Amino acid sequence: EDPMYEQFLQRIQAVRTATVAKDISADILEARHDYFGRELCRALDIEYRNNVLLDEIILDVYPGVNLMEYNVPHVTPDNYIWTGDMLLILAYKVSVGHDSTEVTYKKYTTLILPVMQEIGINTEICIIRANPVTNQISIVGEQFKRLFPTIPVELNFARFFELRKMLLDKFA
């Protein structure tokens, strides 16, 4: 009787269509991504956000920026850390493979770093990935690994697994 679980259960119970069920599956994958981020930020004593506009990040680190003379792409990374000298752009991932990591890594690089270079904010793209089966944590970003060499998260993706399995069983 978690509310998140009960609400997915109810939709899986209700769904008749493979088409509508695709949306439930994506929402489960999203909720799983967000649970990892929430837990990861608690373990690291860093502020949890999910999807902050790049414009909002620039204004927090440098409120005096003359924002009007930059083309700021309207991307929403998962989170960020501003140390006072470097900006760490964070994305969370829950996956067994690398591909989603490499896709996002390149997306964030193409879209964030150039305007940040124009502004003069030292920025680095970091991705943290949880394997939902083994609970192994893979990190990309040299400075993140320096700031957080130990990550004491305790994770449990079983509820997410059970929900997805029930969908897959409904639509063999």
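Throughout, we count residues from 1 along the sequence that is shown.
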Q) Which is higher in the entry, the mean Cα B factor of 141-149 or that of 28-36? A) 141-149
Q. What's the residue among 57, 46, 116, 128 with the greatest CA temperature factor in the PDB record?
A. 46
Q) Is the Cα B-factor recorded for residue 87 in the lowest, middle or highest third of its chain? A) middle
Q: State the tercile, meaning the lowest, middle or highest third, of residue 12 with respect to the CA B-factors recorded for its chain.
A: lowest
Q) By its CA B factor, does residue 71 count among the lowest, middle or highest third of the modelled residues in the chain? A) highest
Q: Sorting the chain's modelled residues by C-alpha B-factor, tell me whether residue 155 ends up in the lowest, middle or highest third.
A: highest
(Q) Taking only the Cα B-factors deposited for this chain, tell me whether residue 163 sits in the lowest, middle or highest third. (A) lowest
